[PDB]
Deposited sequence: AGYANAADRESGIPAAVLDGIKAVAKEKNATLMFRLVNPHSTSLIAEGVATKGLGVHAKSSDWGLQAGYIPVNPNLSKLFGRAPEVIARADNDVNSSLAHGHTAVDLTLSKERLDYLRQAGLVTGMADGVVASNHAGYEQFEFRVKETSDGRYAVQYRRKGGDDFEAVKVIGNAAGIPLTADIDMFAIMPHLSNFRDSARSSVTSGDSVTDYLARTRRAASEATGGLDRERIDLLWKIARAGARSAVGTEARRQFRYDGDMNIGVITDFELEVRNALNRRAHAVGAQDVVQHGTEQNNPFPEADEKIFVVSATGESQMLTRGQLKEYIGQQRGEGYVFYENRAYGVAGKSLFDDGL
């Protein structure tokens, strides 16, 4: 349907992509919550830029032509005049990802990004090439660019008057496709009815209880009440992915973090609709509910299992989950919210 409200527009998620998110949220009957996507990544994700996984840890750049990418020179990243203790730590991150599948590509923006870039205020003042910007960074490096019979613009630069430019380097795909932010999912609230089969497969061999008994035990039903509680436990246990959250999952050679069977499914249903509207994968790992380094952000974008979109403050998040749990949606929290008094539970704990 396209951006349908303000929430959709502030989420930083490309429309086409968000259209699938909503469609899948309803296909699987699961409420999907995401952390905000920085706005300088939205355009990239939409035209086909690849998204980054957990193996990559080189802070991105928020200024210059390079905004939206993960620059190889950390001085180009969101770390421009910091400390040599820091600029060194960033060298490492760069290093890590460069030995492991990640390439160092030559930054070349697209005609359109050039638009977005100039339209957003990140860059000016170019004869077409010699651009300008009041971002501290420009008082240390000189930027420029040149077209090609490719339409794209190649990013060059030098440290301030000791010439010779080079081709700006960013971290990219093993397939060469440069990396931009990935849509970090905050949590997935699946309707309990999504686990009926899981329970059965584990307890009745895929059979409804009534069919199981009639097949294995001839004609107060003590054994039947026992069997019921059994798929009842199995359903919840699959619903919250107890078993599966004990290990790590892997997409090929990429660690997708801690993730339940159902969340993985969603990830695939989602990355799917992304490919269909012209993008690459956008969800590279499990949800924030299983992130050992939980982050605090006042706003979170939510997509009901009904397609309704809204922005939620932590407080409205609590009441939200509560209402959703009354409708039979399952939710479990990151395991450290408790100790740091940040739990979304008004129960025993």
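Missing from the model, relative to the deposited sequence, is only the range 220 to 226.
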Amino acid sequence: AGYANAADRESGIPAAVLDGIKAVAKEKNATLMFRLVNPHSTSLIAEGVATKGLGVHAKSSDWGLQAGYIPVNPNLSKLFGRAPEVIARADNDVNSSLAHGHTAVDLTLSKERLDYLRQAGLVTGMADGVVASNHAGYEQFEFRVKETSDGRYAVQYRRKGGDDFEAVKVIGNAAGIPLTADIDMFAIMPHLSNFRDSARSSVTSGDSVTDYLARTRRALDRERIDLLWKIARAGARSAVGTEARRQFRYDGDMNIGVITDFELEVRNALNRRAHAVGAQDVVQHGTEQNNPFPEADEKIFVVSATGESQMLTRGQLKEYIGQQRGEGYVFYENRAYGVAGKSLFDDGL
From here on, numbers count along this sequence of modelled residues.
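Higher mean CA B-factor, judged across 159 to 167 and 205 to 213 from the recorded values: 159 to 167.
Set 265 to 273 against 80 to 88 and average the Cα temperature factors; 80 to 88 ends up higher.
Per the deposited coordinates, the residue with the largest Cα temperature factor out of 245, 102, 230, 200 is 102.
Going by the entry's values, 152 shows the largest Cα B-factor out of 191, 152, 224, 196.
Ranked within its chain, residue 297 lands in the highest third, by CA B factor from the PDB record.
The deposited CA B-factor of residue 176 belongs to the highest third of values across its chain. The PDB entry assigns residue 59 a C-alpha temperature factor belonging to the highest third of its chain's modelled residues.
Per the deposited record, the Cα B-factor of residue 186 falls in the lowest third when ranked against the other modelled residues of its chain. Per the PDB record, residue ranking by Cα B-factor puts residue 136 in the highest third of the chain.
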